[PDB]
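Asker: Take this structure first; my questions come after.
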There are 2 protein chains.
Amino acid sequence: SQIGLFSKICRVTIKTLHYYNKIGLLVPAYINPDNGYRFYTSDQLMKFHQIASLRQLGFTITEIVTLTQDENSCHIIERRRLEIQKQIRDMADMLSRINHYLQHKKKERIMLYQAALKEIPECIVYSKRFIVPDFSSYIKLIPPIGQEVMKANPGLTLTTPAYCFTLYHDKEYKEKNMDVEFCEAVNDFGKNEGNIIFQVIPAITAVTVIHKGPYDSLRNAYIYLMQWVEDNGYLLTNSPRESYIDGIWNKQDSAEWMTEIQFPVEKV
Amino acid sequence: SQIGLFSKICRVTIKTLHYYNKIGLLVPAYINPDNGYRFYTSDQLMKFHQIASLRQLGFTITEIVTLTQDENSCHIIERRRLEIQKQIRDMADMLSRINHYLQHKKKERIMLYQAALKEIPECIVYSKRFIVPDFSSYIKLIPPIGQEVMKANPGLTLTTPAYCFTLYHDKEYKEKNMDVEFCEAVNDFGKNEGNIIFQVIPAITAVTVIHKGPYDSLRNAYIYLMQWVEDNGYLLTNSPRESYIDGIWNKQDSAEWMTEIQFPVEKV
Ligand code: 118
Ligand code: 118
């Protein structure tokens, strides 16, 4: 049986048989020496059936080679099974994210706020945890901290890139009684003089949105991130962070400012 | 911000930014014309945020290069959603098949049979449906009936490959007096003669199991397929076929006879 007849018996392409002969998965029963013509046999079909049976389970080709040439490989079927359930979990996550994306696109004609899930590494910060009378007043006590720390900690170099964020320890929304905590990432440890203390913040997987524009429409992004959290079955594991990437310090226009809100979450 | 600092901001590889600038998505703000250095801005951070948000949803990159500038394209999200739904339903199918595979290596010391789905196209066959008392007389009675057909039908030529098979139109287990229907695919219509008629047998999806060995143990393959159909959440749609690939016509030793059982099946 030539390769054209075998490809019609097997209902597979000829190039598939060429590839399987090249890699050594399915070798023809007899190859004509002068022409090169591959000839196949029923005993090759009995093996192509096994190849197809394994390949329909999503096994990679090299896994199929290992399974059919070397027996007692029950660890490879377990690896493929665990990977299949992991991919199923990831696929359910992706499905929820794309359903949410369509309900939002069908909600507002322009999408102002995309949501991205990113992992934040561990870091060394100096932090001051304090009760703030108003969000407008929160901005006032930060530049005092910025000069005082550089005067009190000489040669202290902030990391690059600059991770300067806020920990919202409030489990509910309020305007005037915010128990907030100002953090700023630094390269190495230091002295803990004053109300400013040093600490490490654990690496977290967090869903983040970057808000461009003034600080009054941030409630939109928070409700959106909360909406994302309720829609996609995540649970808030830690306090939300507020990372100030660009602001009045690089650019004078207040509507081009940008900050990224991070929601530490786990899928539950 | 040079490509290294920006790549540290986004926690992404420099090769990713190089590739992106190559394909046109996320071109940097300023390309130094002297040395080719790529400099980035926070506006590229905002473009990359949504790039990564779509990439985390499964969209291919060439889908992203249309999705992020032709913002009104909305069919590509329900399209990606239906595509992911098809992939998840297949992954869940594969998961049931691998757990079943594992159960079978627990049940039997050897994976003697290996099931595999295949699509059997529609075909014009000559068919004779009747009741037979046993297997020995049925096996003996087939070849004279074939000589009768191939002689009495001038111009009738067999199909390449040679698909000769049987259907079992019973509903309960009959070891004897089995309402069997023999068919053999022909390239074109011949005229009916007596109890043998011609018809076109519809294209089906079927699970298949090859049995290399004597004929008195093909019932085991059916048992395996029945367990496979009941376990893996499948349903027998039509009468189970049995295709004769190799037999008394090509080889004289019974221990190397290879026959393939086909169960027309659909998933629940
Ligand atoms: C210590 C030192 C600098 C800043 Sb800032 C800032 C950030 C958020 C809200 C208000 C101010 C800063 C600068 C670069 C990168 C990230 C943050 C700052 C610097 C100069 C002038 C005004 C403000 C804060 C603490
Ligand atoms: C018409 C009907 C049946 C057979 Sb065959 C057979 C031949 C070639 C390829 C496939 C099948 C047969 C039997 C004895 C001698 C010569 C040919 C046949 C036998 C048993 C069961 C099914 C088919 C041949 C023509």
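In the structure tokens, chains take letters A, B, ... by order of appearance, with residues numbered from 1 within each chain and ligands from 1 in the order shown.
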Can you pull out the residues contacting residue A:43? Cut-off 10 Å, using only C-alpha atoms, and skip same-chain residues under 2 positions away; I want them as a PyMOL selection string.
Answerer: (chain A and resi 28-29+40-41+45-48) or (chain B and resi 212+256+258)
Asker: With a distance cut-off of 12 Å and only C-alpha atoms, select the neighbouring residues of residue B:17, excluding the residue or stretch itself and same-chain residues fewer than 2 positions from it, and output the selection as JSON, numbers by chain.
Answerer: {"B": [2, 3, 4, 5, 6, 7, 8, 10, 11, 12, 13, 14, 15, 19, 20, 21, 22, 23, 24, 25, 26, 27, 28, 38, 39, 40, 44, 45, 48, 51, 52]}
Asker: Keeping C-alpha atoms for every residue in the selection just given, could you write it to a file as a compact mmCIF listing (two decimals), in the first residue's frame?
Answerer:
# COMPACT_ATOMS: atom_id res chain seq x y z
CA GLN B 2 14.85 53.37 27.32
CA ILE B 3 13.66 49.88 26.44
CA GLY B 4 15.24 48.32 29.53
CA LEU B 5 13.64 50.71 32.00
CA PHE B 6 10.28 50.45 30.24
CA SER B 7 10.58 46.66 30.15
CA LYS B 8 11.24 46.80 33.89
CA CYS B 10 5.83 46.55 32.55
CA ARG B 11 7.63 43.42 33.87
CA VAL B 12 8.03 42.17 30.30
CA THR B 13 10.94 41.07 28.13
CA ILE B 14 12.91 43.39 25.88
CA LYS B 15 12.33 40.87 23.08
CA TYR B 19 8.65 42.09 18.48
CA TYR B 20 5.78 44.50 19.16
CA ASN B 21 7.58 47.42 17.53
CA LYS B 22 8.23 45.10 14.58
CA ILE B 23 4.60 44.07 14.02
CA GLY B 24 3.40 47.67 14.48
CA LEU B 25 1.45 47.33 17.73
CA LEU B 26 2.97 49.56 20.44
CA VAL B 27 5.53 51.41 18.37
CA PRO B 28 7.71 53.54 20.69
CA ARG B 38 13.82 52.94 21.42
CA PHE B 39 12.52 55.42 24.00
CA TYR B 40 9.10 54.99 25.60
CA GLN B 44 2.97 53.41 25.66
CA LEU B 45 2.36 52.03 29.12
CA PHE B 48 0.58 48.04 26.55
CA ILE B 51 -2.50 44.93 24.85
CA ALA B 52 -1.76 42.68 27.81
Asker: Please identify the residues whose atoms come within 12 Å of ligand 2, using only C-alpha atoms and all ligand atoms, and report them as a ChimeraX atom specification.
Answerer: /B:125-128,135-153,156-167,181-186,215,242-252,257-260
Asker: DSSP on the backbone: what in stretch 71-211 of chain A comes out helix (DSSP H, G or I), as a short mmCIF file (atom, residue, chain, number, x, y, z; two decimals) with N, CA, C and O atoms, in the first residue's frame?
Answerer:
data_model
loop_
_atom_site.label_atom_id
_atom_site.label_comp_id
_atom_site.auth_asym_id
_atom_site.auth_seq_id
_atom_site.Cartn_x
_atom_site.Cartn_y
_atom_site.Cartn_z
N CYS A 74 2.99 5.80 33.16
CA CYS A 74 1.78 6.34 33.79
C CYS A 74 1.99 7.72 34.40
O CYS A 74 1.00 8.39 34.73
N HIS A 75 3.23 8.16 34.58
CA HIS A 75 3.47 9.52 35.04
C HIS A 75 3.19 10.56 33.95
O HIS A 75 2.79 11.68 34.27
N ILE A 76 3.36 10.19 32.68
CA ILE A 76 3.07 11.12 31.58
C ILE A 76 1.57 11.33 31.39
O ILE A 76 1.13 12.45 31.12
N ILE A 77 0.76 10.28 31.57
CA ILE A 77 -0.68 10.48 31.47
C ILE A 77 -1.17 11.34 32.63
O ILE A 77 -2.08 12.16 32.47
N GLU A 78 -0.57 11.18 33.81
CA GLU A 78 -0.90 12.06 34.93
C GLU A 78 -0.46 13.49 34.71
O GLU A 78 -1.19 14.43 35.07
N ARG A 79 0.72 13.70 34.12
CA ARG A 79 1.11 15.06 33.78
C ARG A 79 0.12 15.69 32.79
O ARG A 79 -0.28 16.85 32.95
N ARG A 80 -0.30 14.93 31.77
CA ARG A 80 -1.25 15.48 30.82
C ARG A 80 -2.61 15.73 31.46
O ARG A 80 -3.26 16.73 31.15
N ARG A 81 -3.03 14.87 32.39
CA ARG A 81 -4.31 15.07 33.06
C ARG A 81 -4.28 16.32 33.94
O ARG A 81 -5.22 17.13 33.90
N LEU A 82 -3.20 16.50 34.72
CA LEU A 82 -3.09 17.69 35.55
C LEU A 82 -3.03 18.95 34.70
O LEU A 82 -3.65 19.96 35.02
N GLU A 83 -2.29 18.89 33.58
CA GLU A 83 -2.24 20.04 32.70
C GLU A 83 -3.59 20.32 32.07
O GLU A 83 -3.94 21.49 31.86
N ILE A 84 -4.37 19.28 31.77
CA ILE A 84 -5.70 19.50 31.21
C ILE A 84 -6.62 20.18 32.22
O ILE A 84 -7.34 21.12 31.87
N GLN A 85 -6.61 19.74 33.49
CA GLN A 85 -7.46 20.45 34.46
C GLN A 85 -6.98 21.87 34.70
O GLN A 85 -7.80 22.77 34.91
N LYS A 86 -5.66 22.09 34.73
CA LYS A 86 -5.15 23.45 34.88
C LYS A 86 -5.61 24.33 33.72
O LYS A 86 -6.04 25.47 33.92
N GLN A 87 -5.51 23.81 32.50
CA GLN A 87 -5.97 24.55 31.33
C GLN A 87 -7.48 24.76 31.39
O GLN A 87 -7.97 25.79 30.92
N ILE A 88 -8.23 23.82 31.98
CA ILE A 88 -9.67 24.00 32.12
C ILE A 88 -9.97 25.13 33.11
O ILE A 88 -10.87 25.95 32.87
N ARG A 89 -9.24 25.18 34.22
CA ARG A 89 -9.40 26.30 35.15
C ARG A 89 -9.08 27.62 34.46
O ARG A 89 -9.84 28.60 34.57
N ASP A 90 -7.99 27.66 33.70
CA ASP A 90 -7.59 28.88 33.01
C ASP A 90 -8.61 29.26 31.95
O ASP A 90 -8.87 30.45 31.72
N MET A 91 -9.21 28.26 31.32
CA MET A 91 -10.18 28.50 30.27
C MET A 91 -11.48 29.03 30.86
O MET A 91 -12.14 29.87 30.25
N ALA A 92 -11.88 28.52 32.02
CA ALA A 92 -13.05 29.08 32.69
C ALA A 92 -12.79 30.52 33.11
O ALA A 92 -13.68 31.38 32.99
N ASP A 93 -11.57 30.82 33.58
CA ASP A 93 -11.22 32.20 33.89
C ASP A 93 -11.32 33.09 32.66
O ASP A 93 -11.94 34.15 32.70
N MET A 94 -10.72 32.64 31.56
CA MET A 94 -10.77 33.38 30.30
C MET A 94 -12.20 33.57 29.82
O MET A 94 -12.55 34.62 29.27
N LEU A 95 -13.05 32.54 29.99
CA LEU A 95 -14.44 32.63 29.56
C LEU A 95 -15.18 33.69 30.36
O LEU A 95 -15.94 34.49 29.81
N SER A 96 -14.96 33.71 31.68
CA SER A 96 -15.59 34.73 32.51
C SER A 96 -15.09 36.12 32.12
O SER A 96 -15.86 37.08 32.07
N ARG A 97 -13.79 36.24 31.84
CA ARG A 97 -13.26 37.55 31.48
C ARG A 97 -13.83 38.03 30.16
O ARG A 97 -14.15 39.21 30.02
N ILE A 98 -14.01 37.13 29.19
CA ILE A 98 -14.54 37.59 27.91
C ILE A 98 -16.06 37.83 27.95
O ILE A 98 -16.56 38.72 27.25
N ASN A 99 -16.80 37.11 28.81
CA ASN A 99 -18.21 37.45 29.00
C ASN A 99 -18.34 38.83 29.63
O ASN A 99 -19.17 39.65 29.22
N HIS A 100 -17.50 39.11 30.64
CA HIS A 100 -17.48 40.41 31.30
C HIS A 100 -17.11 41.50 30.32
O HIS A 100 -17.72 42.58 30.31
N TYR A 101 -16.12 41.24 29.48
CA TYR A 101 -15.71 42.19 28.45
C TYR A 101 -16.86 42.52 27.50
O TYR A 101 -17.09 43.69 27.17
N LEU A 102 -17.62 41.51 27.05
CA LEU A 102 -18.76 41.82 26.20
C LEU A 102 -19.88 42.57 26.96
O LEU A 102 -20.48 43.48 26.39
N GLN A 103 -20.23 42.17 28.20
CA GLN A 103 -21.26 42.93 28.95
C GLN A 103 -20.85 44.40 29.15
O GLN A 103 -21.70 45.30 29.08
N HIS A 104 -19.55 44.67 29.24
CA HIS A 104 -19.10 46.05 29.41
C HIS A 104 -19.06 46.78 28.07
O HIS A 104 -19.31 47.99 28.02
N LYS A 105 -18.71 46.09 26.99
CA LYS A 105 -18.63 46.79 25.72
C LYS A 105 -20.05 47.12 25.29
O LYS A 105 -20.31 48.20 24.74
N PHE A 135 -9.52 63.09 51.12
CA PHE A 135 -8.61 62.69 50.05
C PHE A 135 -7.90 63.90 49.46
O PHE A 135 -6.76 63.79 49.00
N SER A 136 -8.56 65.05 49.47
CA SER A 136 -7.95 66.29 49.02
C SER A 136 -6.80 66.69 49.94
O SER A 136 -5.78 67.23 49.49
N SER A 137 -6.95 66.41 51.23
CA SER A 137 -5.94 66.67 52.24
C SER A 137 -4.83 65.63 52.26
O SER A 137 -3.78 65.90 52.85
N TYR A 138 -5.03 64.47 51.63
CA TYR A 138 -4.02 63.41 51.66
C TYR A 138 -2.77 63.86 50.92
O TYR A 138 -1.64 63.60 51.36
N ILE A 142 2.23 64.51 51.87
CA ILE A 142 3.24 63.68 51.20
C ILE A 142 4.54 64.43 50.92
O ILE A 142 5.61 63.89 51.25
N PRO A 143 4.55 65.63 50.33
CA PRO A 143 5.84 66.29 50.06
C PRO A 143 6.63 66.60 51.32
O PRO A 143 7.87 66.54 51.28
N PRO A 144 5.99 66.89 52.48
CA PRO A 144 6.78 66.91 53.72
C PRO A 144 7.53 65.61 53.98
O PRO A 144 8.72 65.65 54.31
N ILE A 145 6.85 64.47 53.84
CA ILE A 145 7.51 63.18 53.95
C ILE A 145 8.65 63.06 52.95
O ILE A 145 9.75 62.59 53.30
N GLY A 146 8.43 63.49 51.70
CA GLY A 146 9.46 63.33 50.70
C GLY A 146 10.73 64.11 50.99
O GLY A 146 11.83 63.59 50.79
N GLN A 147 10.60 65.35 51.47
CA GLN A 147 11.85 66.02 51.85
C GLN A 147 12.43 65.49 53.16
O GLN A 147 13.65 65.28 53.25
N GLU A 148 11.59 65.21 54.16
CA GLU A 148 12.10 64.83 55.47
C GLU A 148 12.84 63.51 55.41
O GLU A 148 13.81 63.31 56.14
N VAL A 149 12.36 62.56 54.61
CA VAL A 149 13.02 61.26 54.55
C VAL A 149 14.39 61.38 53.89
O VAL A 149 15.37 60.81 54.37
N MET A 150 14.49 62.17 52.81
CA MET A 150 15.80 62.37 52.19
C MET A 150 16.75 63.14 53.10
O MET A 150 17.97 62.95 53.00
N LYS A 151 16.23 63.98 53.99
CA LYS A 151 17.13 64.66 54.92
C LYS A 151 17.51 63.74 56.08
O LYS A 151 18.64 63.79 56.56
N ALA A 152 16.57 62.91 56.52
CA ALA A 152 16.77 62.00 57.63
C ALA A 152 17.51 60.73 57.20
O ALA A 152 18.22 60.13 58.02
#
Asker: Could you tell me how far atom CA of residue B:174 lies from atom CA of residue B:202, in Å and to one decimal?
Answerer: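 Taking atom CA of residue B:174 as the start and atom CA of residue B:202 as the end point, the length is 25.4 Å.
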Asker: Using only C-alpha atoms for the distances, tell me which of A:232, A:177, A:205, A:50 is nearest to chain B.
Answerer: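 Once distances to chain B are computed over only C-alpha atoms, the minimum belongs to A:50.
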Asker: Let me make sure I understand: among B:42, B:62, B:16, B:262, which one has the smallest atom-to-atom distance to chain A if we use only C-alpha atoms?
Answerer: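 Closest candidate: B:42.
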Asker: Please, which residues of stretch 15-215 of chain A, numbered as in this document, come out strand (DSSP E or B) from DSSP, as JSON, numbers by chain?
Answerer: {"A": [30, 31, 38, 39, 116, 117, 118, 119, 120, 123, 124, 125, 126, 127, 128, 129, 130, 131, 132, 158, 164, 165, 166, 167, 168, 178, 179, 180, 181, 182, 183, 184, 185, 186, 197, 198, 199, 200, 201, 204, 205, 206, 207, 208, 209, 210, 211, 212]}
Asker: Take the residues that were just selected and, keeping C-alpha atoms, output them as a compact mmCIF listing (two decimals), in the first residue's frame.
Answerer:
# COMPACT_ATOMS: atom_id res chain seq x y z
CA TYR A 30 9.08 -1.08 3.37
CA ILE A 31 10.76 1.87 1.65
CA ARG A 38 7.11 4.47 1.15
CA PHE A 39 4.92 1.39 1.35
CA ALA A 116 -5.20 43.43 33.39
CA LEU A 117 -4.05 40.75 35.85
CA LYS A 118 -0.37 41.24 36.75
CA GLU A 119 1.99 39.92 39.40
CA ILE A 120 3.71 42.50 41.62
CA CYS A 123 9.45 45.08 47.69
CA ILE A 124 11.09 47.13 50.43
CA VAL A 125 9.11 50.26 51.29
CA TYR A 126 9.01 53.04 53.80
CA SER A 127 5.47 53.55 54.98
CA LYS A 128 3.41 55.84 57.21
CA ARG A 129 -0.05 54.51 58.18
CA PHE A 130 -2.40 57.28 59.26
CA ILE A 131 -5.99 58.45 59.42
CA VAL A 132 -6.62 61.05 56.70
CA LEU A 158 14.66 54.66 45.71
CA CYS A 164 5.07 54.73 44.99
CA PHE A 165 1.67 53.56 46.18
CA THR A 166 -1.13 53.73 48.73
CA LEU A 167 -2.60 50.96 50.95
CA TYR A 168 -6.34 51.48 51.54
CA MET A 178 -9.93 57.15 55.49
CA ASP A 179 -7.46 54.90 57.34
CA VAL A 180 -4.84 55.09 54.59
CA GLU A 181 -1.14 54.19 54.40
CA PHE A 182 1.47 55.89 52.20
CA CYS A 183 4.18 53.50 50.92
CA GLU A 184 7.22 54.10 48.73
CA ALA A 185 9.50 51.37 47.37
CA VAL A 186 13.19 51.63 48.28
CA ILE A 197 8.77 52.72 59.23
CA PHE A 198 10.47 50.25 56.89
CA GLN A 199 8.94 46.95 55.83
CA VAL A 200 8.69 44.47 52.98
CA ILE A 201 5.44 44.00 51.06
CA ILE A 204 0.91 39.59 45.07
CA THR A 205 -1.11 38.67 42.02
CA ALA A 206 -3.38 41.68 41.49
CA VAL A 207 -5.88 42.83 38.90
CA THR A 208 -4.95 46.37 37.91
CA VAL A 209 -6.52 49.17 35.92
CA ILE A 210 -4.63 52.32 34.92
CA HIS A 211 -6.68 55.50 35.24
CA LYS A 212 -5.66 58.50 33.14
Asker: How many Å separate atom 3 (C, counted along the ligand's line) of ligand 1 from atom CA of residue A:263?
Answerer: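 One can read the atom 3 (C, counted along the ligand's line) of ligand 1 to atom CA of residue A:263 distance as 23.1 Å.
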